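upload.cif (mmCIF, N, CA, C and O atoms)
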```
data_final
loop_
_atom_site.label_atom_id
_atom_site.label_comp_id
_atom_site.auth_asym_id
_atom_site.auth_seq_id
_atom_site.Cartn_x
_atom_site.Cartn_y
_atom_site.Cartn_z
N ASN A 109 -4.48 -46.92 15.69
CA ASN A 109 -5.63 -47.57 15.01
C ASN A 109 -4.99 -48.14 13.73
O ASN A 109 -3.93 -47.58 13.34
N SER A 110 -5.53 -49.19 13.12
CA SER A 110 -4.97 -49.84 11.89
C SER A 110 -4.88 -48.81 10.75
O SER A 110 -5.31 -47.68 11.00
N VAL A 111 -4.30 -49.14 9.58
CA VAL A 111 -4.24 -48.24 8.35
C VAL A 111 -4.30 -46.71 8.58
O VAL A 111 -3.59 -46.24 9.49
N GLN A 112 -5.07 -45.93 7.78
CA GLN A 112 -5.37 -44.49 8.06
C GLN A 112 -6.90 -44.37 8.04
O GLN A 112 -7.40 -43.85 7.01
N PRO A 113 -7.69 -45.03 8.93
CA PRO A 113 -9.13 -44.80 9.10
C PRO A 113 -9.45 -44.75 10.64
O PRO A 113 -8.50 -44.40 11.37
N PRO A 114 -10.53 -45.26 11.31
CA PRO A 114 -11.02 -44.74 12.64
C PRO A 114 -10.95 -43.28 12.13
O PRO A 114 -10.48 -42.43 12.86
N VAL A 115 -11.43 -43.04 10.89
CA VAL A 115 -11.29 -41.80 10.06
C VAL A 115 -12.69 -41.32 9.64
O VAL A 115 -13.39 -42.11 8.97
N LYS A 116 -13.10 -40.12 10.06
CA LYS A 116 -14.40 -39.48 9.69
C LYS A 116 -14.05 -38.15 9.01
O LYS A 116 -14.95 -37.27 8.97
N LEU A 117 -12.81 -38.00 8.49
CA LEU A 117 -12.34 -36.70 8.04
C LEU A 117 -12.26 -36.58 6.51
O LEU A 117 -12.06 -35.47 6.06
N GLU A 118 -12.46 -37.63 5.70
CA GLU A 118 -12.41 -37.54 4.24
C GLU A 118 -13.36 -36.49 3.66
O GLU A 118 -12.89 -35.67 2.88
N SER A 119 -14.63 -36.43 4.06
CA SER A 119 -15.54 -35.40 3.53
C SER A 119 -15.17 -33.99 4.02
O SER A 119 -15.14 -33.05 3.24
N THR A 120 -14.73 -33.85 5.28
CA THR A 120 -14.29 -32.55 5.84
C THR A 120 -12.95 -32.08 5.28
O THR A 120 -12.77 -30.90 5.03
N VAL A 121 -11.99 -32.98 5.07
CA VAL A 121 -10.64 -32.73 4.55
C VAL A 121 -10.67 -32.58 3.05
O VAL A 121 -10.04 -31.67 2.54
N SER A 122 -11.43 -33.40 2.32
CA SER A 122 -11.68 -33.19 0.89
C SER A 122 -12.54 -31.94 0.67
O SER A 122 -12.29 -31.21 -0.27
N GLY A 123 -13.47 -31.62 1.58
CA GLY A 123 -14.23 -30.37 1.58
C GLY A 123 -13.34 -29.15 1.83
O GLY A 123 -13.31 -28.25 1.01
N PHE A 124 -12.54 -29.15 2.90
CA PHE A 124 -11.54 -28.12 3.16
C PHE A 124 -10.51 -28.04 2.05
O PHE A 124 -10.22 -26.94 1.61
N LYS A 125 -9.99 -29.15 1.53
CA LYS A 125 -9.05 -29.15 0.42
C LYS A 125 -9.70 -28.63 -0.85
O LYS A 125 -9.16 -27.71 -1.43
N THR A 126 -10.88 -29.09 -1.24
CA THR A 126 -11.63 -28.58 -2.41
C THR A 126 -12.00 -27.11 -2.24
O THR A 126 -11.99 -26.37 -3.22
N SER A 127 -12.27 -26.64 -1.02
CA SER A 127 -12.54 -25.23 -0.75
C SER A 127 -11.27 -24.39 -0.59
O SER A 127 -11.31 -23.21 -0.90
N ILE A 128 -10.14 -24.96 -0.18
CA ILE A 128 -8.83 -24.30 -0.13
C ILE A 128 -8.22 -24.27 -1.52
O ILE A 128 -7.84 -23.20 -1.93
N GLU A 129 -8.14 -25.37 -2.25
CA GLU A 129 -7.75 -25.44 -3.67
C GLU A 129 -8.74 -24.68 -4.55
O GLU A 129 -8.33 -24.01 -5.48
N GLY A 130 -10.03 -24.73 -4.23
CA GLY A 130 -11.06 -23.90 -4.85
C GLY A 130 -10.83 -22.42 -4.55
O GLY A 130 -10.83 -21.62 -5.48
N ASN A 131 -10.51 -22.06 -3.31
CA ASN A 131 -10.09 -20.71 -2.95
C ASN A 131 -8.73 -20.34 -3.56
O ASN A 131 -8.59 -19.21 -3.97
N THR A 132 -7.77 -21.26 -3.71
CA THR A 132 -6.46 -21.03 -4.35
C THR A 132 -6.63 -20.88 -5.85
O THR A 132 -5.97 -20.04 -6.44
N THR A 133 -7.55 -21.62 -6.47
CA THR A 133 -7.90 -21.52 -7.89
C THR A 133 -8.68 -20.24 -8.14
O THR A 133 -8.40 -19.54 -9.10
N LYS A 134 -9.61 -19.87 -7.25
CA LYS A 134 -10.30 -18.58 -7.28
C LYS A 134 -9.33 -17.44 -7.00
O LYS A 134 -9.40 -16.46 -7.71
N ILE A 135 -8.37 -17.58 -6.08
CA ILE A 135 -7.29 -16.62 -5.85
C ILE A 135 -6.35 -16.58 -7.04
O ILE A 135 -5.92 -15.50 -7.35
N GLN A 136 -6.04 -17.67 -7.74
CA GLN A 136 -5.21 -17.64 -8.95
C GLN A 136 -5.98 -17.07 -10.14
O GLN A 136 -5.40 -16.42 -11.00
N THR A 137 -7.30 -17.29 -10.19
CA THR A 137 -8.21 -16.71 -11.17
C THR A 137 -8.37 -15.23 -10.90
O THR A 137 -8.29 -14.45 -11.83
N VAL A 138 -8.51 -14.82 -9.65
CA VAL A 138 -8.56 -13.43 -9.20
C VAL A 138 -7.19 -12.79 -9.29
O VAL A 138 -7.15 -11.68 -9.77
N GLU A 139 -6.08 -13.41 -8.93
CA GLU A 139 -4.70 -12.93 -9.14
C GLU A 139 -4.43 -12.82 -10.64
O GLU A 139 -3.77 -11.89 -11.06
N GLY A 140 -4.96 -13.73 -11.46
CA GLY A 140 -4.94 -13.65 -12.91
C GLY A 140 -5.73 -12.45 -13.40
O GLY A 140 -5.16 -11.57 -14.02
N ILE A 141 -7.00 -12.35 -13.01
CA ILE A 141 -7.88 -11.22 -13.32
C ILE A 141 -7.36 -9.92 -12.71
O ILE A 141 -7.59 -8.90 -13.32
N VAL A 142 -6.63 -9.90 -11.60
CA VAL A 142 -6.06 -8.72 -10.91
C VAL A 142 -4.69 -8.36 -11.46
O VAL A 142 -4.30 -7.20 -11.44
N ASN A 143 -3.93 -9.31 -12.01
CA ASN A 143 -2.75 -9.01 -12.82
C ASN A 143 -3.15 -8.57 -14.22
O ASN A 143 -2.50 -7.69 -14.79
N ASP A 144 -4.22 -9.13 -14.79
CA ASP A 144 -4.81 -8.67 -16.04
C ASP A 144 -5.45 -7.31 -15.82
O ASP A 144 -5.02 -6.38 -16.46
N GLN A 145 -6.29 -7.11 -14.80
CA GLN A 145 -6.80 -5.81 -14.37
C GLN A 145 -5.71 -4.86 -13.90
O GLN A 145 -5.87 -3.67 -14.04
N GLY A 146 -4.58 -5.35 -13.41
CA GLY A 146 -3.41 -4.54 -13.09
C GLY A 146 -2.65 -4.11 -14.33
O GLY A 146 -2.17 -2.98 -14.40
N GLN A 147 -2.59 -4.95 -15.36
CA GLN A 147 -2.12 -4.59 -16.70
C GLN A 147 -3.13 -3.72 -17.43
O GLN A 147 -2.72 -2.84 -18.17
N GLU A 148 -4.43 -3.93 -17.23
CA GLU A 148 -5.51 -3.17 -17.82
C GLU A 148 -5.57 -1.82 -17.14
O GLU A 148 -5.54 -0.87 -17.88
N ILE A 149 -5.51 -1.70 -15.81
CA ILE A 149 -5.29 -0.47 -15.04
C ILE A 149 -3.98 0.17 -15.44
O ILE A 149 -3.99 1.35 -15.71
N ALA A 150 -2.87 -0.55 -15.58
CA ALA A 150 -1.63 0.06 -16.05
C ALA A 150 -1.74 0.54 -17.50
O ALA A 150 -1.18 1.58 -17.84
N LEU A 151 -2.49 -0.15 -18.37
CA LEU A 151 -2.85 0.27 -19.72
C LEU A 151 -3.87 1.40 -19.71
O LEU A 151 -3.84 2.21 -20.61
N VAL A 152 -4.74 1.47 -18.71
CA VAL A 152 -5.82 2.43 -18.49
C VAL A 152 -5.28 3.68 -17.82
O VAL A 152 -5.82 4.74 -18.05
N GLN A 153 -4.21 3.59 -17.05
CA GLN A 153 -3.40 4.65 -16.48
C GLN A 153 -2.37 5.11 -17.49
O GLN A 153 -2.07 6.28 -17.54
N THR A 154 -1.82 4.22 -18.32
CA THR A 154 -0.96 4.61 -19.45
C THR A 154 -1.81 5.28 -20.50
O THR A 154 -1.47 6.37 -20.95
N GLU A 155 -2.95 4.70 -20.87
CA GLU A 155 -3.97 5.36 -21.66
C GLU A 155 -4.42 6.59 -20.90
O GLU A 155 -4.31 7.63 -21.50
N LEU A 156 -4.77 6.59 -19.62
CA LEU A 156 -5.18 7.82 -18.92
C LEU A 156 -4.08 8.84 -18.77
O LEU A 156 -4.41 10.00 -18.70
N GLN A 157 -2.80 8.50 -18.82
CA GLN A 157 -1.69 9.44 -18.88
C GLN A 157 -1.43 9.89 -20.32
O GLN A 157 -0.98 11.01 -20.53
N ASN A 158 -1.78 9.09 -21.33
CA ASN A 158 -1.85 9.49 -22.73
C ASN A 158 -3.09 10.34 -23.02
O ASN A 158 -3.02 11.24 -23.85
N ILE A 159 -4.19 10.07 -22.33
CA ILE A 159 -5.49 10.71 -22.39
C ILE A 159 -5.33 11.98 -21.59
O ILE A 159 -5.31 12.99 -22.23
N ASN A 160 -5.01 12.00 -20.29
CA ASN A 160 -4.58 13.19 -19.52
C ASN A 160 -3.46 13.96 -20.19
O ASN A 160 -3.58 15.18 -20.31
N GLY A 161 -2.40 13.33 -20.68
CA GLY A 161 -1.37 14.00 -21.48
C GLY A 161 -1.95 14.63 -22.74
O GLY A 161 -1.53 15.71 -23.17
N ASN B 109 -17.90 -44.61 20.01
CA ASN B 109 -18.34 -44.99 18.62
C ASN B 109 -17.46 -44.37 17.52
O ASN B 109 -16.41 -43.78 17.88
N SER B 110 -17.83 -44.54 16.25
CA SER B 110 -17.10 -43.82 15.13
C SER B 110 -17.99 -42.82 14.36
O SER B 110 -17.54 -42.29 13.32
N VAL B 111 -19.20 -42.52 14.89
CA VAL B 111 -20.19 -41.64 14.16
C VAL B 111 -19.86 -40.14 14.37
O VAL B 111 -19.24 -39.55 13.44
N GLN B 112 -20.24 -39.52 15.50
CA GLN B 112 -20.10 -38.04 15.69
C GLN B 112 -18.59 -37.75 15.68
O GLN B 112 -17.85 -38.64 16.10
N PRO B 113 -18.12 -36.60 15.15
CA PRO B 113 -16.66 -36.29 15.05
C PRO B 113 -15.48 -36.74 15.98
O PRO B 113 -15.73 -37.32 17.04
N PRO B 114 -14.17 -36.57 15.61
CA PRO B 114 -13.02 -37.08 16.43
C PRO B 114 -12.79 -36.44 17.82
O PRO B 114 -13.57 -35.59 18.18
N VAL B 115 -11.72 -36.83 18.54
CA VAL B 115 -11.42 -36.36 19.94
C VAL B 115 -11.86 -34.88 20.15
O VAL B 115 -12.92 -34.70 20.79
N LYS B 116 -11.12 -33.85 19.68
CA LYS B 116 -11.57 -32.42 19.78
C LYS B 116 -11.28 -31.64 18.48
O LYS B 116 -10.09 -31.63 18.11
N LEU B 117 -12.27 -30.97 17.84
CA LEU B 117 -12.02 -30.28 16.52
C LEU B 117 -13.06 -29.20 16.12
O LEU B 117 -12.97 -28.89 15.01
N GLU B 118 -14.07 -28.74 16.89
CA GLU B 118 -14.98 -27.63 16.62
C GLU B 118 -14.28 -26.27 16.57
O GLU B 118 -14.53 -25.54 15.63
N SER B 119 -13.34 -25.96 17.47
CA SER B 119 -12.61 -24.68 17.36
C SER B 119 -11.68 -24.64 16.14
O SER B 119 -11.65 -23.66 15.41
N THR B 120 -10.99 -25.74 15.81
CA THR B 120 -10.08 -25.83 14.65
C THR B 120 -10.82 -25.94 13.31
O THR B 120 -10.40 -25.37 12.32
N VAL B 121 -11.93 -26.66 13.27
CA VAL B 121 -12.81 -26.89 12.11
C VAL B 121 -13.70 -25.69 11.89
O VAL B 121 -13.81 -25.26 10.76
N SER B 122 -14.28 -25.09 12.93
CA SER B 122 -14.96 -23.80 12.82
C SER B 122 -13.96 -22.67 12.58
O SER B 122 -14.28 -21.74 11.87
N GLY B 123 -12.72 -22.77 13.06
CA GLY B 123 -11.64 -21.83 12.76
C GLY B 123 -11.18 -21.91 11.31
O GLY B 123 -11.18 -20.89 10.61
N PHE B 124 -10.90 -23.11 10.80
CA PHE B 124 -10.63 -23.35 9.39
C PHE B 124 -11.83 -23.03 8.53
O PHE B 124 -11.66 -22.36 7.53
N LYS B 125 -13.04 -23.42 8.91
CA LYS B 125 -14.25 -23.09 8.17
C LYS B 125 -14.52 -21.60 8.17
O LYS B 125 -14.63 -21.04 7.10
N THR B 126 -14.51 -20.91 9.31
CA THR B 126 -14.64 -19.45 9.38
C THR B 126 -13.51 -18.75 8.62
O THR B 126 -13.73 -17.69 8.06
N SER B 127 -12.32 -19.34 8.54
CA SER B 127 -11.21 -18.81 7.73
C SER B 127 -11.28 -19.20 6.26
O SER B 127 -10.78 -18.46 5.43
N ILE B 128 -11.94 -20.31 5.89
CA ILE B 128 -12.15 -20.77 4.51
C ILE B 128 -13.40 -20.12 3.95
O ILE B 128 -13.28 -19.53 2.90
N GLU B 129 -14.55 -20.14 4.62
CA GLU B 129 -15.75 -19.32 4.36
C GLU B 129 -15.43 -17.83 4.49
O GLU B 129 -15.94 -17.05 3.71
N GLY B 130 -14.56 -17.43 5.41
CA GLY B 130 -14.05 -16.07 5.51
C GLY B 130 -13.15 -15.72 4.33
O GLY B 130 -13.35 -14.68 3.72
N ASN B 131 -12.25 -16.62 3.93
CA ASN B 131 -11.50 -16.48 2.68
C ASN B 131 -12.41 -16.59 1.45
O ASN B 131 -12.15 -15.88 0.50
N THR B 132 -13.48 -17.37 1.44
CA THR B 132 -14.44 -17.52 0.34
C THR B 132 -15.36 -16.31 0.28
O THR B 132 -15.70 -15.90 -0.81
N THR B 133 -15.70 -15.69 1.41
CA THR B 133 -16.46 -14.44 1.50
C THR B 133 -15.56 -13.28 1.13
O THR B 133 -16.00 -12.41 0.39
N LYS B 134 -14.30 -13.26 1.57
CA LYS B 134 -13.29 -12.30 1.10
C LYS B 134 -12.99 -12.51 -0.38
O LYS B 134 -12.90 -11.53 -1.07
N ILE B 135 -12.93 -13.74 -0.88
CA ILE B 135 -12.81 -14.05 -2.31
C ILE B 135 -14.10 -13.72 -3.04
O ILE B 135 -14.00 -13.29 -4.15
N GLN B 136 -15.30 -13.85 -2.48
CA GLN B 136 -16.55 -13.43 -3.13
C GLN B 136 -16.72 -11.91 -3.07
O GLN B 136 -17.34 -11.33 -3.95
N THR B 137 -16.15 -11.26 -2.05
CA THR B 137 -16.08 -9.81 -1.91
C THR B 137 -15.00 -9.26 -2.82
O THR B 137 -15.22 -8.23 -3.43
N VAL B 138 -13.87 -9.95 -2.98
CA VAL B 138 -12.80 -9.59 -3.91
C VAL B 138 -13.18 -9.98 -5.32
O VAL B 138 -12.98 -9.16 -6.18
N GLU B 139 -13.78 -11.13 -5.62
CA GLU B 139 -14.41 -11.47 -6.90
C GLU B 139 -15.56 -10.51 -7.17
O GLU B 139 -15.80 -10.17 -8.31
N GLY B 140 -16.28 -10.05 -6.14
CA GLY B 140 -17.29 -9.01 -6.24
C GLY B 140 -16.65 -7.69 -6.66
O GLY B 140 -16.96 -7.20 -7.74
N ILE B 141 -15.68 -7.20 -5.89
CA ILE B 141 -14.91 -6.00 -6.17
C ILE B 141 -14.09 -6.15 -7.45
O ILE B 141 -13.88 -5.15 -8.09
N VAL B 142 -13.66 -7.33 -7.90
CA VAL B 142 -12.85 -7.58 -9.11
C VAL B 142 -13.74 -7.83 -10.31
O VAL B 142 -13.37 -7.49 -11.42
N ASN B 143 -14.96 -8.34 -10.15
CA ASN B 143 -15.97 -8.27 -11.20
C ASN B 143 -16.52 -6.85 -11.31
O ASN B 143 -16.79 -6.41 -12.42
N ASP B 144 -16.66 -6.11 -10.21
CA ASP B 144 -17.05 -4.70 -10.21
C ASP B 144 -15.91 -3.84 -10.75
O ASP B 144 -16.17 -3.07 -11.65
N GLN B 145 -14.66 -4.07 -10.36
CA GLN B 145 -13.46 -3.43 -10.91
C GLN B 145 -13.18 -3.89 -12.32
O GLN B 145 -12.65 -3.11 -13.10
N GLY B 146 -13.56 -5.10 -12.71
CA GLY B 146 -13.52 -5.56 -14.10
C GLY B 146 -14.62 -4.94 -14.94
O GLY B 146 -14.39 -4.61 -16.09
N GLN B 147 -15.80 -4.70 -14.36
CA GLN B 147 -16.84 -3.88 -14.97
C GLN B 147 -16.45 -2.41 -14.99
O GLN B 147 -16.75 -1.74 -15.96
N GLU B 148 -15.76 -1.90 -13.97
CA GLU B 148 -15.27 -0.53 -13.89
C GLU B 148 -14.14 -0.36 -14.87
O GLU B 148 -14.30 0.48 -15.72
N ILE B 149 -13.10 -1.19 -14.88
CA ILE B 149 -12.04 -1.25 -15.91
C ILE B 149 -12.64 -1.45 -17.28
O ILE B 149 -12.25 -0.73 -18.18
N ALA B 150 -13.61 -2.34 -17.50
CA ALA B 150 -14.24 -2.47 -18.81
C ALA B 150 -15.05 -1.21 -19.16
O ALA B 150 -15.03 -0.79 -20.31
N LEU B 151 -15.73 -0.57 -18.20
CA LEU B 151 -16.39 0.73 -18.37
C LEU B 151 -15.37 1.83 -18.62
O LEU B 151 -15.64 2.69 -19.43
N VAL B 152 -14.21 1.78 -17.97
CA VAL B 152 -13.11 2.75 -17.93
C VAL B 152 -12.26 2.62 -19.17
O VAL B 152 -11.85 3.64 -19.67
N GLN B 153 -12.05 1.41 -19.71
CA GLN B 153 -11.48 1.05 -21.00
C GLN B 153 -12.45 1.38 -22.12
O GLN B 153 -12.07 1.97 -23.12
N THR B 154 -13.73 1.02 -21.97
CA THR B 154 -14.78 1.41 -22.92
C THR B 154 -14.93 2.92 -22.93
O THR B 154 -15.14 3.50 -23.98
N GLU B 155 -14.79 3.58 -21.78
CA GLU B 155 -14.76 5.02 -21.68
C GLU B 155 -13.46 5.53 -22.26
O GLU B 155 -13.55 6.25 -23.22
N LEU B 156 -12.28 5.03 -21.90
CA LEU B 156 -10.97 5.26 -22.53
C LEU B 156 -10.90 4.91 -24.02
O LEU B 156 -9.97 5.36 -24.65
N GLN B 157 -11.84 4.17 -24.61
CA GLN B 157 -11.95 3.88 -26.05
C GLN B 157 -13.02 4.72 -26.72
O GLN B 157 -12.83 5.19 -27.84
N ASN B 158 -14.14 4.99 -26.05
CA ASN B 158 -15.08 6.05 -26.43
C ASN B 158 -14.37 7.40 -26.41
O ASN B 158 -14.65 8.26 -27.23
N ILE B 159 -13.45 7.54 -25.47
CA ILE B 159 -12.48 8.59 -25.30
C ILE B 159 -11.38 8.36 -26.31
O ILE B 159 -11.43 9.10 -27.23
N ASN B 160 -10.44 7.40 -26.27
CA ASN B 160 -9.35 7.27 -27.27
C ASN B 160 -9.86 7.42 -28.72
O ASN B 160 -9.30 8.18 -29.52
N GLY B 161 -10.99 6.79 -29.04
CA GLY B 161 -11.71 6.90 -30.31
C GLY B 161 -12.52 8.19 -30.52
O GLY B 161 -12.83 8.48 -31.66
#
```
Is it possible to give me this structure as structure tokens?
Amino acid sequence: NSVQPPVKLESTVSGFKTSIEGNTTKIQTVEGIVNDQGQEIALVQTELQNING
Amino acid sequence: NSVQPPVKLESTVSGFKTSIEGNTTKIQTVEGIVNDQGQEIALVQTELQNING
């Protein structure tokens, strides 16, 4: 087919990409919050080992 | 015509969608558990500070 159309995939591919990049940004926000919560848990376990200690 | 979707893509699009909505539900369950674990860590830090203090 000419160019890159006979194409009905822009809304589905931009939707999947916005939801995959949205899920990757939510995963980076959650990996951020889970590395922060992992540092906060490690500070809360270091505090809880200082508190338990 | 060019209206209803391409050659074959319901299993791949429902597969990607069930895996993207599944990843978004796992991310909403993990954002749920990480907002709950962030509330638990904030409760646990606030408790560790009501405690440290």
Item to complete: Hey, list the chain A side of the contact with chain B: 8 Å cut-off, only N, CA, C and O atoms, answer as a ChimeraX atom specification.
Response: /A:114-117,124,127-128,130-131,134-135,138,141-142,145,148-149,151-152,155-156,159
Just asking: which residues within chain B are helix (DSSP H, G or I) according to DSSP, as a compact mmCIF listing (two decimals) with N, CA, C and O atoms, in the frame of the given file?
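And here's out-v3.txt as it stands now:
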```txt
# COMPACT_ATOMS: atom_id res chain seq x y z
N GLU B 118 -14.07 -28.74 16.89
CA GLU B 118 -14.98 -27.63 16.62
C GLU B 118 -14.28 -26.27 16.57
O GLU B 118 -14.53 -25.54 15.63
N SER B 119 -13.34 -25.96 17.47
CA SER B 119 -12.61 -24.68 17.36
C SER B 119 -11.68 -24.64 16.14
O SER B 119 -11.65 -23.66 15.41
N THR B 120 -10.99 -25.74 15.81
CA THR B 120 -10.08 -25.83 14.65
C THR B 120 -10.82 -25.94 13.31
O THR B 120 -10.40 -25.37 12.32
N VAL B 121 -11.93 -26.66 13.27
CA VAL B 121 -12.81 -26.89 12.11
C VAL B 121 -13.70 -25.69 11.89
O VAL B 121 -13.81 -25.26 10.76
N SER B 122 -14.28 -25.09 12.93
CA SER B 122 -14.96 -23.80 12.82
C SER B 122 -13.96 -22.67 12.58
O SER B 122 -14.28 -21.74 11.87
N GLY B 123 -12.72 -22.77 13.06
CA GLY B 123 -11.64 -21.83 12.76
C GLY B 123 -11.18 -21.91 11.31
O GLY B 123 -11.18 -20.89 10.61
N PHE B 124 -10.90 -23.11 10.80
CA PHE B 124 -10.63 -23.35 9.39
C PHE B 124 -11.83 -23.03 8.53
O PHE B 124 -11.66 -22.36 7.53
N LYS B 125 -13.04 -23.42 8.91
CA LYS B 125 -14.25 -23.09 8.17
C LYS B 125 -14.52 -21.60 8.17
O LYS B 125 -14.63 -21.04 7.10
N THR B 126 -14.51 -20.91 9.31
CA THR B 126 -14.64 -19.45 9.38
C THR B 126 -13.51 -18.75 8.62
O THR B 126 -13.73 -17.69 8.06
N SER B 127 -12.32 -19.34 8.54
CA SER B 127 -11.21 -18.81 7.73
C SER B 127 -11.28 -19.20 6.26
O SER B 127 -10.78 -18.46 5.43
N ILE B 128 -11.94 -20.31 5.89
CA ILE B 128 -12.15 -20.77 4.51
C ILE B 128 -13.40 -20.12 3.95
O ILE B 128 -13.28 -19.53 2.90
N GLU B 129 -14.55 -20.14 4.62
CA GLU B 129 -15.75 -19.32 4.36
C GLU B 129 -15.43 -17.83 4.49
O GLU B 129 -15.94 -17.05 3.71
N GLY B 130 -14.56 -17.43 5.41
CA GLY B 130 -14.05 -16.07 5.51
C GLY B 130 -13.15 -15.72 4.33
O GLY B 130 -13.35 -14.68 3.72
N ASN B 131 -12.25 -16.62 3.93
CA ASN B 131 -11.50 -16.48 2.68
C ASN B 131 -12.41 -16.59 1.45
O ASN B 131 -12.15 -15.88 0.50
N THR B 132 -13.48 -17.37 1.44
CA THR B 132 -14.44 -17.52 0.34
C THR B 132 -15.36 -16.31 0.28
O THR B 132 -15.70 -15.90 -0.81
N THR B 133 -15.70 -15.69 1.41
CA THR B 133 -16.46 -14.44 1.50
C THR B 133 -15.56 -13.28 1.13
O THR B 133 -16.00 -12.41 0.39
N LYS B 134 -14.30 -13.26 1.57
CA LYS B 134 -13.29 -12.30 1.10
C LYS B 134 -12.99 -12.51 -0.38
O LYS B 134 -12.90 -11.53 -1.07
N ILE B 135 -12.93 -13.74 -0.88
CA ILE B 135 -12.81 -14.05 -2.31
C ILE B 135 -14.10 -13.72 -3.04
O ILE B 135 -14.00 -13.29 -4.15
N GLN B 136 -15.30 -13.85 -2.48
CA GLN B 136 -16.55 -13.43 -3.13
C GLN B 136 -16.72 -11.91 -3.07
O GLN B 136 -17.34 -11.33 -3.95
N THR B 137 -16.15 -11.26 -2.05
CA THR B 137 -16.08 -9.81 -1.91
C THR B 137 -15.00 -9.26 -2.82
O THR B 137 -15.22 -8.23 -3.43
N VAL B 138 -13.87 -9.95 -2.98
CA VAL B 138 -12.80 -9.59 -3.91
C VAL B 138 -13.18 -9.98 -5.32
O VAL B 138 -12.98 -9.16 -6.18
N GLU B 139 -13.78 -11.13 -5.62
CA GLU B 139 -14.41 -11.47 -6.90
C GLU B 139 -15.56 -10.51 -7.17
O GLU B 139 -15.80 -10.17 -8.31
N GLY B 140 -16.28 -10.05 -6.14
CA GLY B 140 -17.29 -9.01 -6.24
C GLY B 140 -16.65 -7.69 -6.66
O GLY B 140 -16.96 -7.20 -7.74
N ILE B 141 -15.68 -7.20 -5.89
CA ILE B 141 -14.91 -6.00 -6.17
C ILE B 141 -14.09 -6.15 -7.45
O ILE B 141 -13.88 -5.15 -8.09
N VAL B 142 -13.66 -7.33 -7.90
CA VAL B 142 -12.85 -7.58 -9.11
C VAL B 142 -13.74 -7.83 -10.31
O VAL B 142 -13.37 -7.49 -11.42
N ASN B 143 -14.96 -8.34 -10.15
CA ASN B 143 -15.97 -8.27 -11.20
C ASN B 143 -16.52 -6.85 -11.31
O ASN B 143 -16.79 -6.41 -12.42
N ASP B 144 -16.66 -6.11 -10.21
CA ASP B 144 -17.05 -4.70 -10.21
C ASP B 144 -15.91 -3.84 -10.75
O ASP B 144 -16.17 -3.07 -11.65
N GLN B 145 -14.66 -4.07 -10.36
CA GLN B 145 -13.46 -3.43 -10.91
C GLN B 145 -13.18 -3.89 -12.32
O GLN B 145 -12.65 -3.11 -13.10
N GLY B 146 -13.56 -5.10 -12.71
CA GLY B 146 -13.52 -5.56 -14.10
C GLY B 146 -14.62 -4.94 -14.94
O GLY B 146 -14.39 -4.61 -16.09
N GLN B 147 -15.80 -4.70 -14.36
CA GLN B 147 -16.84 -3.88 -14.97
C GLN B 147 -16.45 -2.41 -14.99
O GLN B 147 -16.75 -1.74 -15.96
N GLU B 148 -15.76 -1.90 -13.97
CA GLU B 148 -15.27 -0.53 -13.89
C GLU B 148 -14.14 -0.36 -14.87
O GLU B 148 -14.30 0.48 -15.72
N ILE B 149 -13.10 -1.19 -14.88
CA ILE B 149 -12.04 -1.25 -15.91
C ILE B 149 -12.64 -1.45 -17.28
O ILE B 149 -12.25 -0.73 -18.18
N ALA B 150 -13.61 -2.34 -17.50
CA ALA B 150 -14.24 -2.47 -18.81
C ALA B 150 -15.05 -1.21 -19.16
O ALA B 150 -15.03 -0.79 -20.31
N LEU B 151 -15.73 -0.57 -18.20
CA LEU B 151 -16.39 0.73 -18.37
C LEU B 151 -15.37 1.83 -18.62
O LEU B 151 -15.64 2.69 -19.43
N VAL B 152 -14.21 1.78 -17.97
CA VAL B 152 -13.11 2.75 -17.93
C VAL B 152 -12.26 2.62 -19.17
O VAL B 152 -11.85 3.64 -19.67
N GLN B 153 -12.05 1.41 -19.71
CA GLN B 153 -11.48 1.05 -21.00
C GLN B 153 -12.45 1.38 -22.12
O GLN B 153 -12.07 1.97 -23.12
N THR B 154 -13.73 1.02 -21.97
CA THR B 154 -14.78 1.41 -22.92
C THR B 154 -14.93 2.92 -22.93
O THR B 154 -15.14 3.50 -23.98
N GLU B 155 -14.79 3.58 -21.78
CA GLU B 155 -14.76 5.02 -21.68
C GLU B 155 -13.46 5.53 -22.26
O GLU B 155 -13.55 6.25 -23.22
N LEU B 156 -12.28 5.03 -21.90
CA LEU B 156 -10.97 5.26 -22.53
C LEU B 156 -10.90 4.91 -24.02
O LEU B 156 -9.97 5.36 -24.65
N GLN B 157 -11.84 4.17 -24.61
CA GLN B 157 -11.95 3.88 -26.05
C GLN B 157 -13.02 4.72 -26.72
O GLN B 157 -12.83 5.19 -27.84
N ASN B 158 -14.14 4.99 -26.05
CA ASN B 158 -15.08 6.05 -26.43
C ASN B 158 -14.37 7.40 -26.41
O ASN B 158 -14.65 8.26 -27.23
N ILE B 159 -13.45 7.54 -25.47
CA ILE B 159 -12.48 8.59 -25.30
C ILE B 159 -11.38 8.36 -26.31
O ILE B 159 -11.43 9.10 -27.23
N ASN B 160 -10.44 7.40 -26.27
CA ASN B 160 -9.35 7.27 -27.27
C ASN B 160 -9.86 7.42 -28.72
O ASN B 160 -9.30 8.18 -29.52
```
Fill in: Distance of atom C of residue 140 of chain A from atom CA of residue 158 of chain A, expressed in Å to one decimal place
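Straight-line distance from atom CA of residue 158 of chain A to atom C of residue 140 of chain A works out to 24.2 Å.
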Worksheet item: Between atom CA of residue 154 of chain A and atom C of residue 161 of chain B, what is the distance, to one decimal in Å?
Response: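 Pair atom CA of residue 154 of chain A / atom C of residue 161 of chain B returns 16.4 Å.
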Worksheet entry | Coordinates-based distance that separates atom CA of residue 119 of chain B from atom N of residue 122 of chain A (Å, one decimal) |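 Separation of atom N of residue 122 of chain A and atom CA of residue 119 of chain B: 17.4 Å.
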